[PDB]
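*Asks:* Pasting an experimental structure with its sequence.
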Amino acid sequence: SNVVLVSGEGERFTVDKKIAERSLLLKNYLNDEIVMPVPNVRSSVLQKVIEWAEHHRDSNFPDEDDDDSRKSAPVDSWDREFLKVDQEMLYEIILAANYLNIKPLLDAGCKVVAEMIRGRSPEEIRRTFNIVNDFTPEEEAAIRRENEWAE
Amino acid sequence: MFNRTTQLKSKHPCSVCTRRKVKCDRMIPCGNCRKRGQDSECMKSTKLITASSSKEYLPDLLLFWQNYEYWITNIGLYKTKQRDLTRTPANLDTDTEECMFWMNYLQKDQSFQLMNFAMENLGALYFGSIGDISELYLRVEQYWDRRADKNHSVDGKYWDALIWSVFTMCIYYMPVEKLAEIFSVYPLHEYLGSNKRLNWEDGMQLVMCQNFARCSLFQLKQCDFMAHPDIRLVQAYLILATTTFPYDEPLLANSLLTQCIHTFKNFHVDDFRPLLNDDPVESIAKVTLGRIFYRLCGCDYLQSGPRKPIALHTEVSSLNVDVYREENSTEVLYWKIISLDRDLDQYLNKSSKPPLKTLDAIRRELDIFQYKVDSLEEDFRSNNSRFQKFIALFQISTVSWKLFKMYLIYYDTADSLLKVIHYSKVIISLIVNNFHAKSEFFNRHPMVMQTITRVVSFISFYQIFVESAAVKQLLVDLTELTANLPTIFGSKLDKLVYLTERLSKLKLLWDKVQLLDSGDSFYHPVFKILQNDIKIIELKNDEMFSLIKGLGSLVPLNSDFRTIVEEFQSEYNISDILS
Amino acid sequence: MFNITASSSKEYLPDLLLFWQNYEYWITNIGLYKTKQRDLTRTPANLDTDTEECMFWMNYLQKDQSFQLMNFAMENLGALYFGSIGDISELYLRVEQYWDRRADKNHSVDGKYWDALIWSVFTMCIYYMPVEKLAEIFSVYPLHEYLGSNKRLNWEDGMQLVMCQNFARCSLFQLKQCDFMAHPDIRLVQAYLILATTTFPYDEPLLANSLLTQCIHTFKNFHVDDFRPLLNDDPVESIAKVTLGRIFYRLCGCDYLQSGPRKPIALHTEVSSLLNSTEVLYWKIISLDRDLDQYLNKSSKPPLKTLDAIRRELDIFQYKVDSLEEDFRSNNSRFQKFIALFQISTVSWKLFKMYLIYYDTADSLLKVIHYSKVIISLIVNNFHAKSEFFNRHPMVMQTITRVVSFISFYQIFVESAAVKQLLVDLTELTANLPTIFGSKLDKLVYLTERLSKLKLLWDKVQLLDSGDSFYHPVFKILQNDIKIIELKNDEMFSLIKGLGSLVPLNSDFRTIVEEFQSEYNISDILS
Ligand SMILES: [Zn+2]
Ligand SMILES: [Zn+2]
């Protein structure tokens, strides 16, 4: 009734079996305690993933094929207070949910990055213009000459 | 197997290639500007000089693996039969005195113990083809009643050929301990004339299986089955296709499969849903025909290649097709997991990338069929339910491995190498789990030979170029598993061990010769040997030479790295996997 | 056939000629030639019979007889083997080799392939040889010693057909000794294209469809799509691809000629329609015939644009056939021109029959009578010029079947004096067709006699009507003649018998219909 989620750093995390079947990759691994490697995820990120699965033991999520029930689903209050973390560790939680095939954590953890791409100031969309190249310098000069009249 | 193809491609073509109005090998910096030593005059847009400390040949080498897998491990290892017709013997005085021994060698109670073994263990295989086997005990009784007769009808000889195909399936999947309790070996050695110390585990069970398959085909020839098309031909071939018969005789199995397509399409029943204006016998007949159809589509896709041009599978499981999603999920679950495999393995010889929407759809159907195989009944008083579970679970693990292999090759997405390693360990943990008693014969199904061939060939290929630790431990584990596969595969198992050994010696060659940088491409003897293996086996699969030999007395008239390539090809030849 | 009181209108005739377009298919294409009703519980099966039979029929033919057969094929049958094997002077060496290793015991697959090819050629020689040349070479007496039949019958009353069928069975048995399914090679396709110039596809129609399926499997195994010679190829390979081109066109011809419900895997559908250089002409005429006779089974009537385009192409290929030179000395060229002119007359007759049926165009019945007289004047000419083996080609059985069946069907309903004289000429010609067709000629005479006796029933019974449809017993008998043969071409009952314990269980109008069907049953054109 317990499985073990071995992290990439080597720590063993004994999780209850029904709670840990939120992961589609582990619930399919159980067709063979029962240990399993999670090779890229650190111990802290896997601990966050396991705590997320501990809260959503009884939760009800969309059917992973929904048009609007998946896109327009708001984040939980626990999911928003839960992901007030470092940015790279947020992306590593998203990578952990992508490896472990946890679609609702790859949903609620990934609407936060979507809320951070929008909702940002136009001043630092103007600043981050060609931090990745994406334009020739002739086209960059033509763009900066096109909207020079404003400022 | 060589281009530059570095990480962090540029968006626009560079300023130098627009100054010169040529094509742009759109890398950072370029393959076309690095060729001329203009490295520093192309980097200067932002950040600059970035660190390209990776191994750049790897993406266009994995795109080469997508072709090498198809031409070696699919076609050249299993589906290529090199035959010279001037040296091959041809007489029907041979099989009338050979197969007569194998038909007089099987006794009555031995055959009923074979049928009991099939009824108790192999229910996941014949029930697609023939249905329930308690109907077939009467046909074994009728075979032993009609054994001493002289005038046999065609209708009787079809049941004889069908039950001899069933006996072939029994002999192939029987463990050596249960086989020694039924059969004695010494009159068989007195007939064949070989070494006396050659017990069933040493390679005689495969000989008896191949000769029982040849006796089933001999009784089909006594039917004159081409003049009399009948569904029992299709059933007998679907029983024989559960063994290594389509890999022992890969050109005889294609002609028999073409005759099974001709026999099936002769009935002209495309919709297998029973209509409302049907005889209640006709309804059950169309249900049985619909089961035989999807079993035949599975065995029809599993023999696809250049030596099988007439296909049957004409329906798609994602997104002019005819015959899909009208049928109830009882044995199309074996086809729906192979039609999901055809969608992946159609891009092997094809020179285009699969779209990622297709791969995501295939991943969703993988999750659905995972839950559907978890939604099966568990008959603990039946041994064939666990074998059906193992078949439908090993197929979804195989298609999962191939899906994340194509994610690794074509797009290099999130942890897709770790997903390849994960599903390779799942395939191992499904085969090693059958090394316990009462299920040791589960590892004899030909899908495990195909799957272990693909997986150990990709891991041996990837160990050459990428030095890792998880991949190396996985390769050690698959080498142990390939050493521990059942010996009834025989020559194909020895050729797979030879191919793994050849890729390991090619790894040893990779760590010796220094890689020749050439700006836009690389050069190494390993690359040229891998290029040449495909050319050799495509030359062996070109029937123009047999055509020229057929049309009459026409006779066909046709640096430093070259020595290394020729010495490796003379030492480790790729033609040693054809026989 | 039709779409209470009585009437005498002509509403039934446009709905009845469209019914002829279905009846012609389901009787004269499928149920007369391509339907072999079989019973697997009654049919014997052993290799203790066909081995000794093939031993006798190969030990019967001697060395001096075989080269006389090959010389007959070289002198007289040049229009047939050239699409399959090309030159037969190359095959004298293989006949020499077959008589070299005849006494050996360890044969190869390649050698038995050449043996099967030359025994198919020997079957073609026996089938097309006149009785005056065939009685000189062979002797009738050991065949009645072996078969047990009475010695009073000569070659002319159905004995040459027995030797032809048994030599075809010897070619197939040597293919079985090749284990040809394990070794796909072009000698299978060539031997089958030689055997398909005889009545082998109509004596064993379900075996010939399986052999044709194996020939499609063998041909497409080579994966040669284009047959034009490339400049970079070996000049052996270019001649080889030209050889596969002239084999592919003959194979698509036989692929079309065996089209039916019992032949589901096709090759002629992969050749685009038109909508040496005398071998491509035969495929052009056969593809035009394929464009015509596709409208038999389907109900969608052709446009006038399609029939007019077929008419212009018909005039073009008529000029190409009339532009073929011929030598009265070279019998090969005479038989070549007979094949080309008979095929183009058959396509012309079918085109103007479709003009008469689908549109009732004026001066179309005169064209049908004219091209039927052209077909007669092609066949009756061969009896006067000592070339009576020209009338053994399998196209003159199919064409005369379609012609005498349509003229009988038209003489039932539409009275005319020219059609009646044409029907008398067709009846005399069907009586004068060669005896090498055997049972199919007797069944065509039976079908013509049945459609002649049905004219008497159309005469003696008055047509009725219900205001919208025209009831007549002749119409119901013609409905049931298609219903019975579509029941015979239904493989559901053979499927039920093959699955095992599943067993199948099943006014004066109706009296006249049942008495005619009890007197003239449509299941007597079957075997
Ligand atoms: Zn560039
Ligand atoms: Zn550049």
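*Replies:* That came through, no problem. Residues are numbered from 1 along each chain as shown, chains lettered A, B, ... in the order given. Ligands and ions are numbered 1, 2, ... in the order given.

*Asks:* how close does residue B:136 get to residue C:494?
*Replies:* The span separating residue B:136 from residue C:494 equals 19 Å under the rule C-beta to C-beta, to the nearest Å. Just so you know, the C-beta spots here come from the backbone N, C-alpha and C atoms, and that holds for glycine as well.

*Asks:* Quick check: chain neighbours aside, which residue is closest to residue 31?
*Replies:* In the absence of a named chain, this looks at chain A. Spatially, and ignoring its direct neighbours in sequence, residue A:31 is nearest to residue B:393 (5.7 Å; C-beta to C-beta, 6 or more residues apart in numbering or on different chains).

*Asks:* Wait, chain B was what I had in mind.
*Replies:* Using C-beta to C-beta, 6+ apart and skipping the chain neighbours, the partner closest in space to residue B:31 is residue B:520 (3.0 Å).

*Asks:* ok, residue B:306 - contacts?
*Replies:* By C-beta atoms under 8 Å, 6 or more residues apart in numbering or on different chains, residue B:306 lies in contact with B:75, B:79, B:541, C:221, C:223.

*Asks:* among these, which are in strands?
*Replies:* Residues of the contacts of residue B:306 located in strands (DSSP state E): none.

*Asks:* Identify, from those, the entry nearest to residue A:66.
*Replies:* residue B:75 (42.4 Å; C-beta to C-beta).

*Asks:* which ones are touching the residue nearest to residue A:31?
*Replies:* Taking C-beta under 8 Å, 6+ apart, one finds A:31, B:373, B:430 in contact with residue B:393.

*Asks:* what do you get if the cut-off is 10 Å, keeping everything else the same?
*Replies:* The contact partners of residue B:393, taken as C-beta atoms under 10 Å, 6 or more residues apart in numbering or on different chains, are A:28, A:31-32, B:337, B:369-370, B:373-374, B:376, B:426, B:430.

*Asks:* Mind checking which of these are buried?
*Replies:* A:28, A:31, B:337, B:369-370, B:373, B:426, B:430 (16 or more other C-beta atoms under 10 Å in any protein chain shown).

*Asks:* could you dump the residues you listed to JSON lines with distance to ligand 1?
*Replies:* Converted to JSON lines, the buried ones among the contacts of residue B:393 look like this (distance: C-beta to the ion, whole Å):
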{"residue": "A:28", "distance to ligand 1": "45"}
{"residue": "A:31", "distance to ligand 1": "50"}
{"residue": "B:337", "distance to ligand 1": "45"}
{"residue": "B:369", "distance to ligand 1": "45"}
{"residue": "B:370", "distance to ligand 1": "46"}
{"residue": "B:373", "distance to ligand 1": "50"}
{"residue": "B:426", "distance to ligand 1": "43"}
{"residue": "B:430", "distance to ligand 1": "48"}
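
*Asks:* So which of those residues are in helices?
*Replies:* Mapping the buried ones among the contacts of residue B:393 onto helices (DSSP state H) picks out A:28, B:369-370, B:373, B:426, B:430.

*Asks:* Could you give me the buried positions within stretch B:22-34?
*Replies:* B:24-25, B:27-34.

*Asks:* what does stretch B:138-147 rub up against?
*Replies:* Here stretch B:138-147 has contacts from B:103-104, B:107-108, B:111-112, B:114-115, B:130, B:133, B:152-153, B:156-160, B:162-164, B:166-167, C:500-501, using C-beta under 10 Å, 6+ apart.

*Asks:* before we move on, the earlier item: just the closest of the contacts of residue B:393 to ligand 2, please.
*Replies:* residue B:426 (44.0 Å; C-beta to the ion).

*Asks:* The closest one and residue B:370 touch, don't they?
*Replies:* No - between residue B:426 and residue B:370 there is no contact under C-beta atoms under 10 Å: 11.3 Å.

*Asks:* Could you tell me which residues touch both of those two?
*Replies:* Common neighbours of residue B:426 and residue B:370 (C-beta under 10 Å, 6+ apart) are A:25, A:28, A:31, B:393, B:396-397, B:400.

*Asks:* Which members of those residues are the farthest-apart pair?
*Replies:* Applying C-beta to C-beta across those, the maximum distance is between A:25 and B:393, 14.5 Å.

*Asks:* what about stretch B:89-98, start to end distance?
*Replies:* Using C-alpha to C-alpha, to the nearest Å, the end-to-end distance of stretch B:89-98 comes out at 15 Å.

*Asks:* Identify each buried residue in it, please.
*Replies:* Quick answer for stretch B:89-98 (16+ other C-beta under 10 Å): B:90, B:92, B:95.

*Asks:* Stretch B:522-538 too?
*Replies:* Buried-residue list, stretch B:522-538, by 16+ other C-beta under 10 Å: B:522, B:524-530, B:533-534, B:536-537.

*Asks:* Could you do stretch B:501-514 as well?
*Replies:* For stretch B:501-514, the neighbour count (16+ other C-beta under 10 Å) marks B:502-503, B:506-507, B:509-510 as buried.

*Asks:* in chain A, which spans are helices?
*Replies:* A:24-29, A:43-55, A:68-71, A:77-82, A:87-99, A:105-108, A:111-117, A:123-127, A:137-146.

*Asks:* Adding distance to chain C, write these out as JSON lines.
*Replies:* Below are the helices of chain A laid out as JSON lines (distance: least, C-beta to the nearest C-beta, whole Å):
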{"stretch": "helix A:24-29", "distance to chain C": "38"}
{"stretch": "helix A:43-55", "distance to chain C": "52"}
{"stretch": "helix A:68-71", "distance to chain C": "46"}
{"stretch": "helix A:77-82", "distance to chain C": "58"}
{"stretch": "helix A:87-99", "distance to chain C": "43"}
{"stretch": "helix A:105-108", "distance to chain C": "46"}
{"stretch": "helix A:111-117", "distance to chain C": "51"}
{"stretch": "helix A:123-127", "distance to chain C": "56"}
{"stretch": "helix A:137-146", "distance to chain C": "46"}
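
*Asks:* Need the winner for burial among those helices.
*Replies:* Most buried of these by mean neighbour count (mean count of other C-beta atoms under 10 Å in any protein chain shown) is helix A:105-108; its value is a mean of 22.

*Asks:* residue in chain A nearest to chain C?
*Replies:* Closest approach between chain A and chain C, counting by C-beta to the nearest C-beta: residue A:31, at 34.9 Å.

*Asks:* That residue contacts residue B:396, doesn't it?
*Replies:* Yes - counting by C-beta under 10 Å, residue A:31 touches residue B:396, with 9.3 Å between them.

*Asks:* Touching both of these two, which residues are there?
*Replies:* Both residue A:31 and residue B:396 are contacted by B:370, B:373, B:426, under the criterion C-beta under 10 Å, 6+ apart.

*Asks:* I'd like to know how many residues surround residue B:284.
*Replies:* For residue B:284, the neighbour count with other C-beta atoms under 10 Å in any protein chain shown is 16.

*Asks:* so who does it touch?
*Replies:* By C-beta under 10 Å, 6+ apart, residue B:284 lies in contact with B:131, B:274, B:278, C:496, C:499, C:502.

*Asks:* For these, work out which two are farthest apart.
*Replies:* B:131 and B:278 (18.6 Å).

*Asks:* Compare the two (neighbour count), which wins?
*Replies:* More crowded of residue B:131 and residue B:278, by other C-beta under 10 Å: residue B:131, with 19 against 14.

*Asks:* burial count for the residue nearest to that one when sequence neighbours are not counted?
*Replies:* Spatial nearest neighbour of residue B:131, chain neighbours left out: residue B:288 (6.1 Å); criterion: C-beta to C-beta, 6+ apart. Look at residue B:288: counted by other C-beta under 10 Å, it has 22 neighbours.

*Asks:* Residue B:288 against residue B:234, yeah?
*Replies:* No - using C-beta under 10 Å, residue B:288 is not in contact with residue B:234; the gap is 11.1 Å.

*Asks:* Noted, bye for now.
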